[PDB]
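Data first, discussion second: the structure below is written as structure tokens.
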């Protein structure tokens, strides 16, 4: 019973690490997205801020 | 004192005849407006007139995990 349930609960542990990998790389790519937009949003004010 | 009311408007109109900024600046207004123009740029930054944002970002490299299992 245990050697059956050792492989049973293992494959439910194998699929947990692929849910965690699929959202981590999807989010860590996404955190650089608006941060690329933020710096251009930053720079377009600073050239306006210098003139005013 | 409406006789003083006319006499500070009429010597305000004389100031409205201007050619190049200050009337009696000399070395005074030329040095001060240049000393102050640096200080609005000195501790602020080096910025041109119209240059857009020019850069490039690199994201985190997605490494893999090795796992002999079962």
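Protein chains in written order, with the authors' numbering: chain Cb, 108 to 159; chain Cc, 7 to 76. Cβ coordinates follow ideal geometry from the N, Cα and C atoms, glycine included.
Would you call the region 133 to 144 of chain Cb and the region 32 to 49 of chain Cc touching, i.e. three or more CB-CB distances under 8 Å?
-> In short, these stretches do not touch, since the Cβ pair count stays below three.
In chain order, each alpha helix (DSSP H) run of at least 4 residues that lies wholly inside the region 29 to 71 of chain Cc | Listed in chain order, they are 34 to 48.
Neighbouring residues, chain Cb, relative to residue 61 of chain Cc (Cβ below 7 Å) | Working through the second chain from its first residue, we reach residue 61 of chain Cc at position 55. Simply 146.
Distance, residue 61 of chain Cc Cα to residue 46 of chain Cc Cα | Here residue 46 of chain Cc refers to the residue found at position 40 of the second chain. Here residue 61 of chain Cc refers to the residue found at position 55 of the second chain. The straight-line gap from Cα to Cα measures roughly 25 Å.
Any beta-carbon of chain C closer than 9 Å to the one on residue 54 of chain Cc?
-> As a matter of chain content, chain C is missing from the structure shown, whose protein chains are Cb and Cc.
Would you please verify whether the beta carbon of residue 149 of chain Cb is less than 9 Å from any beta carbon of chain Cc?
-> Looking up residue 149 of chain Cb in the first chain gives position 42. For residue 149 of chain Cb, a Cβ of chain Cc is located within less than 9 Å of the residue's own Cβ.
Using a Cβ-Cβ cut-off of 9 Å, state whether residue 45 of chain Cc counts as contacting chain Cb.
-> Here residue 45 of chain Cc refers to the residue found at position 39 of the second chain. It does not; no Cβ of chain Cb falls within 9 Å.
Pairwise C-alpha distance: residue 129 of chain Cb and residue 113 of chain Cb | Counting from 1 along the first chain, the entry for residue 113 of chain Cb is found at position 6. Counting from 1 along the first chain, the entry for residue 129 of chain Cb is found at position 22. If you take the alpha carbons of residue 113 of chain Cb and residue 129 of chain Cb, they lie about 25 Å apart.
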